[PDB]
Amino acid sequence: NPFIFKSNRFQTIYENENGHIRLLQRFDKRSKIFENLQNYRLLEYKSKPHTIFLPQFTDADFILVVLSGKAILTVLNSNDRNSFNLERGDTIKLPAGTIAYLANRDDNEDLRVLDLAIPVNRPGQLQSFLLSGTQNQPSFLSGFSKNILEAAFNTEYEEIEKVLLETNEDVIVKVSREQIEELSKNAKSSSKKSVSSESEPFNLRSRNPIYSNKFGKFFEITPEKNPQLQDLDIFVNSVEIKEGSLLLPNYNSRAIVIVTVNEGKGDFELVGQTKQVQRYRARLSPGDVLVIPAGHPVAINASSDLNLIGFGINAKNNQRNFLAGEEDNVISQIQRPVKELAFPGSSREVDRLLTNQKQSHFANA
């Protein structure tokens, strides 16, 4: 079952007593089945109260989703600087080569952040450049020679070394409340007017769910609804399935969906594979990842309340077709004659069966 990437397929990149950065194994190294996702990496950021991920940039477009907690994200341009109070569900594009720092502004809650990384230099590779200084090396500024650094800052190497250059004091570091109220001054939040913003964080739940009943909530921000997603051609969704309910059988017309379990337990069934069909079932636990190719229909059972974040690749003109229920049921759109031909049952047998499930998108399981 290559569609399930268990939590254990994440590699720890950086860990200390303040936080970790985890990178999911290359999709296409798991299976050549996913060669179309070779240039799609996924990372978890997690950090304790009053911590900071020091100024970093990477050669990759990042789509951040705040899974849980409260953060300050500061994004640096050459000449400007902007910082945002992020919350659960705040989503933002950080373009390749943008210097960002991320602080857990909360006194108690951990901060968890999912990252879709879309590299720019080499398919599927992340090179990051640290301003800070580690034990495996100091600041990338160390890369320049003495003559370059002296010429460039107009300052003796001695002073630059003292002031700029020289593992709990590394990458993710403790930060004072004093330092956090200072970072958090004049920090814009997401709005409803921000669901469409070109540069600012937008919230998945800031617009109404595309599907909603007593059994679940599907939220989806598409390229149509937000420009940060236009060039990359990505949608981001939050699917909340209640305890003992299911996401009804459905396929994306063209989107390939990378689904991460934020929280809750559940299971999924995916139909794939001249040729016969084939079930792919697995239990889903927090931090597990499910890849759903286009046209491959899927159902998701929840045991506990189950919250999923999905990135859709090939978003523009995606149609999600359901196979049971009322709204968006592509089967009940087959005309009377073809229903009779398609299926062993009569048209009247099929039509009565399709009225049984009175719910749409989600139902009791």
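The first residue of the shown sequence is 1; numbering continues from there.
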(message) Please classify the unmodelled stretch of the deposited sequence between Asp80 and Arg81: none, 1 to 3, 4 to 9, or 10 or more residues.
(response) none
(request) Could you bin the unmodelled part of the deposited chain lying between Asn136 and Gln137 as none, 1 to 3, 4 to 9, or 10 or more? (result) none
(request) Check the entry's C-alpha temperature factors for 225-233 and 188-196, then say which stretch has the higher mean. (result) 188-196
(request) Look over 336-344 and 292-300 in the entry and identify the one with the greater average Cα temperature factor. (result) 336-344
(request) Could you say which of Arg105, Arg254, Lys242, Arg112 has its CA atom at the highest B factor, as listed in the PDB entry? (result) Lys242
(request) Sort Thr98, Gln125, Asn85, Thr74 by C-alpha B-factor from the entry and give me just the highest. (result) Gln125
(request) Tell me, lowest, middle or highest third: where does the Cα B factor of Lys358 rank within its chain? (result) highest
(request) Classify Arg352 as lowest, middle or highest third according to the C-alpha B-factor given in the PDB entry, relative to its own chain. (result) highest
(message) Could you place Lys316 in the lowest, middle or highest third of its chain by Cα temperature factor, using the values in the record?
(response) middle
(request) Select lowest, middle or highest to describe the third in which the CA B-factor of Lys29 falls within its chain in this entry. (result) highest
(message) Can you tell me whether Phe322 has a C-alpha B-factor in the lowest, middle or highest third compared with the other modelled residues of the same chain?
(response) middle
